[PDB]
C-alpha cells in the first residue's frame, strides 16, 4: 500500500495565525490527495480536493499545495472554529488516510465557573452515591480538582474527564465524579470539591451537607 504520514500529530497556535499541516506519502501520488476536517462526534468534512481545489462552501482561508510525495494544507488566519483533527487521503492506489493532525489554540486565561451536584434520590435508592463537580468554560486546560470529605482530602474514589476545546470560545470544561457506596456515603457530613486554576487567585470550594437536598 501507499502509506500517508501526517506531521505534526499535535499543532498548537493562536487565533489569526498561519498554520501549515504536512502530509507525506510513501511514494508518488501525482496530486491525488484530498483533505478533510473532523470534529468530535461528527463525520469527516471535505475541505480541499485534488491537492489544491477548494471545496464549495469552505472558507477561502483554507488552501492546499504539494506534488510528488509531499503535500501541505494551510490555514491563513486561524479562527476558533478551526480547532479539529485534519486527515489527508490519497486515491492513487487503494485508498489510504493519514493518522491526522490535531489543532488546538492558546487564548487568554479564563477562570472556571464551579458547580456541585448532590447524589440523586434514584441512585441512593440503588445503593450508591455519586457526587459531581463541574468546571465550566476555562482556559488553560490544566485544572486541579480535589475532593474533600469533612475537609479530609480524598483519593482513589473519583474520576474526571475534560471536553474537547470549544468551537466558539476556545475553552474547556471538566467533569469530576466522586463515588461511594451508600454506606460509606452516610459516614460523613460535608462533601466538597476544591478547584485550583490559573484564573483563580485562590482555591474555589463548592460544598454541600449530605441529606440537605
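Positions refer to the first chain, counted from 1.
If you average the C-alpha B-factors over 90 to 98 and over 117 to 125, the higher value belongs to 117 to 125.
Here the stretch with the larger average CA B-factor, out of 29 to 37 and 183 to 191, is 183 to 191. Among all modelled residues in its chain, residue 76 ranks in the highest third by Cα B-factor.
In the PDB entry, residue 136 places in the middle third of its chain by CA B-factor. Per-chain ranking of the deposited C-alpha B factor places residue 82 in the lowest third.
When the modelled residues of the chain are ordered by their C-alpha B factor, residue 54 lands in the middle third. In this PDB entry, residue 61 carries a Cα temperature factor that places it within the middle third of its chain's modelled residues.
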